Amino acid sequence: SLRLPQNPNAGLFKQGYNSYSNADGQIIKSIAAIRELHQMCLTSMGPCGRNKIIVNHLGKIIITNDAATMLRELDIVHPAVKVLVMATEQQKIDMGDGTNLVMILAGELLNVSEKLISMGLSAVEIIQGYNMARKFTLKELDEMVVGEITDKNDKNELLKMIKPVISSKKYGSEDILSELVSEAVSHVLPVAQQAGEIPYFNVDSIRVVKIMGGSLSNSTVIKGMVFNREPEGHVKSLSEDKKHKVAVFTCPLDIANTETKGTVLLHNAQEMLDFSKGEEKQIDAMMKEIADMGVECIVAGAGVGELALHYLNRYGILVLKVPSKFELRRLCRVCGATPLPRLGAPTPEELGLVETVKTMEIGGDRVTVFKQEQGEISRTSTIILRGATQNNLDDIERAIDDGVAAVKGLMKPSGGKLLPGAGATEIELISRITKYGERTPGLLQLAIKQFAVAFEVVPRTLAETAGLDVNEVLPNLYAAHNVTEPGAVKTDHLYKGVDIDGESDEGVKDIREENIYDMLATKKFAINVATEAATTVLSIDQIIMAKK
Amino acid sequence: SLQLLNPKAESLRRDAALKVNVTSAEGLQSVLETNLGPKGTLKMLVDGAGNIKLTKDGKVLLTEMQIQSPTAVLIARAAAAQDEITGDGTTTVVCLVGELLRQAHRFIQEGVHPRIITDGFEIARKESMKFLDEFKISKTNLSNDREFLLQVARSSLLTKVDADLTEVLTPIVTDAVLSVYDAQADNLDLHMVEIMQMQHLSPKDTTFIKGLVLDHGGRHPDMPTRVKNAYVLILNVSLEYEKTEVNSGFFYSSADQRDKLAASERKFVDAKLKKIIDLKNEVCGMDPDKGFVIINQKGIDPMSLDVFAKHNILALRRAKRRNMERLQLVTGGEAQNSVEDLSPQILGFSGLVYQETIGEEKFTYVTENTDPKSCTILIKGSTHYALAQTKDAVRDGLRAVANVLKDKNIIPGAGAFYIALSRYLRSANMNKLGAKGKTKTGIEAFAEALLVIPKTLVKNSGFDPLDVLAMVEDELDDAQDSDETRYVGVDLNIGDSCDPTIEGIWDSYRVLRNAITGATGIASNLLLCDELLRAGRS
Amino acid sequence: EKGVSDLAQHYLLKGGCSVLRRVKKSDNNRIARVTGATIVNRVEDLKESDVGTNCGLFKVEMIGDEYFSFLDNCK
């Protein structure tokens with residue numbers, strides 16, 4: 001009576017092991033545990049979304065509203081939350097778009113599931129309700145698609161793709177951020193129309209260089225790569241033009257050394273007198289063949305000795321240091337050169353072409369300009385990003401990567417397949433699934449009808465973060481979808497969406513004039529990952545933890 | 001009397017030790033009680049390091065979670081060894097051992113000696129083996145029925161995952177075991193089927209591949225990614241920096257000799273490269289349409305990668321050791337260690353060779369073989385634990401299907417084997433059996449413990465286990481006098497019985513034979529242990 | 001008894017010899033008794049008199065834990 005039996009025969013497992021099952025409201029606590037980090041990403045959704053500050057154990061601060069990036073530095077405890085954490089990371093890697101949608105959609109499916117479990121629905125019937133409703137959801141997305149990107153590159157068409165994606169990440173000015181990203185995309189495209197070749201694109205081609213100081217309006221697009229380097233011998237503006245011939249060596253420039261027990265052997269004083277002048281003639285003979293080919297610049301991948309740098313300054317040859325690997329790999333893609341390990345005369349067919357190499361002060365340090373010109377086009381262009389704070393420079397770099405990943409969505413599928421934006425995609429699916437829930441007899445209609453209710457978070461989040469009442473604005477939007485379709489065709493009511501601030505009362509007419517759209521390839525995987533993330537949590541009846 | 005032998009010691013005997021084996025096995029069975037069955041619960045394991053293990057396999061629960069009770073340690077080692085050889089029966093043995101201890105514990109309190117109780121277990125188990133010969137159904141492999149392999153494979157799939165992943169993985173496992181069957185009849189499970197974890201798309205997009213896939217790809221850009229006709233050359237020799245033998249080294253007299261001796265490092269490397277070029281001179285016919293690839297077991301010196309780039313030769317380094325043995329089954333060639341002796345006969349053949357670069361890692365795909373002797377299964381998953389959940393689901397299904405082709409017989413599932421032993425042992429005359437007197441009681445405890453597994457399946461469905469088995473016993477009563485032989489199963493969907501042969505529920509022959517034999521020895525040794533003590537020098 | 005290089009297995013495979021993993025000293029004494037072989041350390045001193053004979057069968061069976069190699073005696 002004084003002390004409990006304290007769960008007898010509990011010594012079967014270590015004291016650190018704990019057992020949590022769907023019974024005793026723990027499945028409700030798991031859903032309630034999602035709402036703790038769910039509201040964190042709700043205020044970050046949309047162009048009016050709010051960025052968050054997360055301080056790690058090392059002191060690094062990353063300010064971003066992206067749900068996939070924020071969950072990286074955070075330490076997660078509850079096991080089912082890691083299901084939601086790792087689900088948002090896959091969406092960022094695969095499609096590079098729709099990261100905040102997976103975080104919000106998977107969290108709302110568990111919120112509506114709390115009422116489903118309370119009514120007595122078994123975990124098996126709840127899973128079957130979402131799987132049957134998701135298959136109908138993916139089929140309706142292909143029916144509601146409007147427009148297409150058609151040609152690969154266009155000045156106007158690239159403003160309907162990258163611009164609406166970068167509007168949510170660091171909104172700021174619209175046309176300023178859209179022109180910087182859209183310019184670097186046109187350079188890495190092979191074009192070559194009418195040839196019938198298979199298009200190709202690389203998401204790592206465009207590199208963002210973070211340089212503090214200045215302003216966003218002073219940013220520009222550089223066709224070449226930009227590094228922080230100090231020329232050793234001399235600096236040259238290279239005003240003599242006629243372009244240049246450049247060679248790249250992944251191996252360092254120095255006398256070849258034996259990999260085992262390199263040692264100077266001198267038997268007599270006769271060999272010692274010619275040893276000092278012997279090494280000078282070796283580099284002279286090797287560097288003379290390079291200077292005879294007209295090579296004004298040499299790219300090195302490791303440390304170069306001083307004896308090798310002497311003859312390079314004699315013929316006026318620039319010296320570049322390219323540490324590690326990936327930095328040197330993208331240099332040859334600009335000039336179209338093939339590295340070779342030997343120090344001999346390079347092949348003329350493997351030499352690159354760079355017209356000008358300039359060194360100027362941007363952020364206070366000397367940077368080398370690899371920028372290309374109209375002719376002899378180059379690939380893997382870089383974008384100079386100027387900003388006052390380094391924290392803004394980090395997320396804008398990821399904001400540009402979101403636009404670069406959107407270009408990848410123009411390659412694998414048949415086209416761009418633009419979808420109505422401003423939340424109009426998830427709202428139209430509500431009326432279609434509602435009719436789908438009635439067409440299916442049985443008890444499975446409870447999970448199907450509530451599956452469309454979870455799509456109401458998109459219009460409510462955009463309206464709440466915009467400083468508007470969700471009770472006045474949201475029902476007024478259904479008035480366009482409550483009139484169904486008339487006796488005549490050409491119905492433009494599908495373009496209605498949620499507006500931020502302004503005059504409220506729905507607004508922005510039809511979004512076709514706003515030019516903001518969504519990607520179909522993004523919404524396909526965003527719904528599948530978010531559904532499986534909530535399905536995994538609902539499919540686990542018992543959770544076991546260790547040490548805590 | 002142990003306190004006099006040791007200053008500090010802990011021991012429990014007789015009724016204190018009798019509660020050790022009964023209660024500890026009861027808590028362990030309760031953990032796996034909700035596991036058994038296709039509708040069973042799903043458990044996730046999260047350790048202190050951050051790893052996540054999500055599976056329905058009872059073996060992962062025993063290995064990841066430590067057990068302080070020594071009684072379950074004997075059960076955990078028995079349940080783990082059951083999945084090793086037979087690939088199935090981990091949760092089955094735990095339910096047999098834990099229940100048989102409790103079924104025999106009621107008579108121990110009545111004053112019955114444990115030995116005569118365990119003696120009745122062997123008498124009742126030997127009858128299950130004699131009945132097993134008439135219970136099993138013979139299947140002839142000369143028919144090559146594909147539908148038979150589909151229904152057997154779905155037994156383990158529906159338990160671990162739902163019908164979504166079952167329909168996808170059903171033809172994959174069947175196509176994997178199809179190439180295992182050969183005129184030699186020898187079945188080799190490890191080399192024929194592998195599990196390769198890769199995160200791509202969704203787990204439901206898992207597809208089957210008819211040729212070996214590797215984790216490595218071409219490092220040099222000019223290496224052709226897609227090669228129509230490629231001749232695979234097996235090379236177990238590595239071109240790279242060697243141990244050099246204590247590093248003796250070079251000594252140069254003049255600077256001209258310093259670079260003259262440096263060229264000796266490429267003398268040994270280019271010596272073996274000239275043999276590959278001479279081998280390419282035989283296959284040079286139709287060079288643009290065809291191709292030549294090299295797969296090495298060990299890392300290759302990047303200095304020599306530029307040689308294969310000019311000849312458009314794909315090089316693969318740091319390959320696994322087991323993958324070297326399968327290159328003869330996939331392509332059809334032979335292995336070559338020394339490059340001195342080369343022949344076109346040892347060169348393999350492939351109809352399609354391509355590489356798919358996803359992220360930083362690059363994978364090489366080979367398929368479209370004339371007469372491939374082996375295949376692979378590419379596992380795709382959304383998360384790290386999703387790769388392990390499919391790994392444990394497919395691997396457990398491998399031994400289930402592989403054991404079918406080993407023998408000519410197959411065992412029906414759905415609890416038809418456990419219910420049949422209940423009516424057999426209870427209605428059998430004791431004069432034919434070697435057990436008499438009080439040993440008759442030990443046989444009844446073994447027959448009653450077998451009826452919990454078909455009742456455990458019903459506990460996960462929500463139906464009353466007592467009412468659903470009332471119709472099963474009533475059907476078997478009129479089936480003997482109607483001149484009709486039919487096996488009665490348990491259908492958890494409608495809460496009624498069914499036929500395992502019509503529904504397609506089948507169980508492996510080696511799983512149930514080793515489970516009952518294994519579970520009997522565990523529970524017998526626990527009932528015969530009257531004392532548990534702990535002593536040692538630490 | 002000790003480890004074997006991947007270079008030596010090729011010339012032994014060309015002649016029909018079979019290579020195995022390194023063997024402990026305890027198992028070397030039991031193998032010599034079954035086949036009547038004599039342990040020969042020096043390869044140059046190897047003769048036909050020390051070669052083991054009268055071996056019934058050599059087979060390998062698959063078990064999930066580990067491989068197993070069988071050597072049968074002609075009795």
# chains A, B, ... in the order shown; residues from 1 in each chain; ligands from 1

call {"tool": "select_by_dssp", "arguments": {"residues": "segment 17-65 of chain C", "states": "helix (DSSP H, G or I)", "output": "NGL selection string"}}
result
:C and (25-34 or 48-50)

call {"tool": "interface_residues", "arguments": {"of": "chain A", "to": "chain B", "cutoff": "7 Å", "atoms": "only C-alpha atoms", "output": "PyMOL selection string"}}
result
chain A and resi 9+11-14+79+86+256-258+260-266+271+275+278-279+539-547

call {"tool": "atom_distance", "arguments": {"atom1": "atom CA of residue 282 of chain B", "atom2": "atom CA of residue 224 of chain B"}}
result
20.2 Å

call {"tool": "residues_around", "arguments": {"residues": "residue 50 of chain C", "least_positions_apart": "6", "cutoff": "8 Å", "atoms": "only C-alpha atoms", "output": "list in words"}}
result
residues 37, 38, 39 and 40 of chain C

call {"tool": "interface_residues", "arguments": {"of": "chain B", "to": "chain C", "cutoff": "8 Å", "atoms": "only C-alpha atoms", "output": "short mmCIF file (atom, residue, chain, number, x, y, z; two decimals) with N, CA and C atoms, in the first residue's frame"}}
result
data_model
loop_
_atom_site.label_atom_id
_atom_site.label_comp_id
_atom_site.auth_asym_id
_atom_site.auth_seq_id
_atom_site.Cartn_x
_atom_site.Cartn_y
_atom_site.Cartn_z
N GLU B 84 18.23 -18.21 -38.93
CA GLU B 84 19.48 -18.36 -39.66
C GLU B 84 19.38 -19.42 -40.74
N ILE B 85 19.02 -20.65 -40.36
CA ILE B 85 18.98 -21.74 -41.32
C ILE B 85 17.71 -21.70 -42.16
N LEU B 188 21.70 -22.25 -54.80
CA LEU B 188 22.65 -21.43 -54.05
C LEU B 188 22.00 -20.08 -53.80
N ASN B 236 41.54 -9.49 -61.22
CA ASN B 236 41.72 -9.46 -59.77
C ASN B 236 43.04 -8.80 -59.36
N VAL B 237 43.84 -8.35 -60.32
CA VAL B 237 45.10 -7.67 -60.03
C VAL B 237 44.85 -6.17 -60.00
N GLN B 336 40.07 -13.95 -64.70
CA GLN B 336 41.46 -13.87 -65.13
C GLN B 336 42.26 -13.11 -64.09
N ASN B 337 43.26 -13.77 -63.51
CA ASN B 337 44.12 -13.13 -62.51
C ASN B 337 45.33 -12.50 -63.18
N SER B 338 46.20 -13.33 -63.75
CA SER B 338 47.37 -12.83 -64.46
C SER B 338 47.00 -12.40 -65.87
#

call {"tool": "residues_around", "arguments": {"residues": "residue 54 of chain C", "least_positions_apart": "4", "cutoff": "10 Å", "atoms": "only C-alpha atoms", "output": "ChimeraX atom specification"}}
result
/C:34-37,72-75

call {"tool": "write_last_selection", "arguments": {"atoms": "N, CA and C atoms", "output": "compact mmCIF listing (two decimals), in the first residue's frame"}}
result
# COMPACT_ATOMS: atom_id res chain seq x y z
N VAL C 34 43.51 -38.46 -41.64
CA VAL C 34 42.42 -39.04 -42.43
C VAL C 34 42.93 -39.52 -43.78
N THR C 35 43.61 -38.64 -44.52
CA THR C 35 44.10 -38.96 -45.85
C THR C 35 45.49 -39.58 -45.85
N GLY C 36 46.10 -39.76 -44.68
CA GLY C 36 47.44 -40.29 -44.61
C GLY C 36 48.52 -39.37 -45.12
N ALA C 37 48.20 -38.09 -45.32
CA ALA C 37 49.18 -37.14 -45.83
C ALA C 37 50.20 -36.78 -44.76
N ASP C 72 35.55 -36.81 -47.25
CA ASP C 72 35.15 -38.16 -46.90
C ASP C 72 36.33 -39.11 -47.06
N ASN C 73 36.41 -40.09 -46.17
CA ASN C 73 37.47 -41.10 -46.18
C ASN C 73 36.98 -42.34 -46.92
N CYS C 74 37.90 -42.98 -47.65
CA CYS C 74 37.58 -44.21 -48.37
C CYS C 74 37.59 -45.44 -47.48
N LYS C 75 37.91 -45.29 -46.19
CA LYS C 75 37.74 -46.28 -45.12
C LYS C 75 38.55 -47.55 -45.36

call {"tool": "closest_residue", "arguments": {"among": "A:411, A:370, A:443, A:93", "to": "residue 152 of chain A", "atoms": "only C-alpha atoms"}}
result
A:411

call {"tool": "select_by_dssp", "arguments": {"residues": "segment 310-342 of chain A", "states": "strand (DSSP E or B)", "output": "list in words"}}
result
residues 318, 319, 320 and 321 of chain A

call {"tool": "atom_distance", "arguments": {"atom1": "atom CA of residue 401 of chain A", "atom2": "atom CA of residue 225 of chain A"}}
result
16.4 Å

call {"tool": "residues_around", "arguments": {"residues": "segment 124-133 of chain A", "least_positions_apart": "3", "cutoff": "10 Å", "atoms": "only C-alpha atoms", "output": "PyMOL selection string"}}
result
(chain A and resi 109+113+116-117+121+136-138+433+436-437+443-452+528+531-532+534-536+538-539) or (chain B and resi 39+162+164)

call {"tool": "atom_distance", "arguments": {"atom1": "atom CA of residue 371 of chain A", "atom2": "atom CA of residue 357 of chain A"}}
result
7.6 Å

call {"tool": "residues_around", "arguments": {"residues": "segment 29-35 of chain A", "least_positions_apart": "5", "cutoff": "8 Å", "atoms": "only C-alpha atoms", "output": "PyMOL selection string"}}
result
chain A and resi 78+80-81+107+110-111+114

call {"tool": "residues_around", "arguments": {"residues": "residue 182 of chain A", "least_positions_apart": "5", "cutoff": "12 Å", "atoms": "only C-alpha atoms", "output": "PyMOL selection string"}}
result
chain A and resi 153-163+166+175-177+187-189+206+220-221+381-383+400-401+403-404+406-407
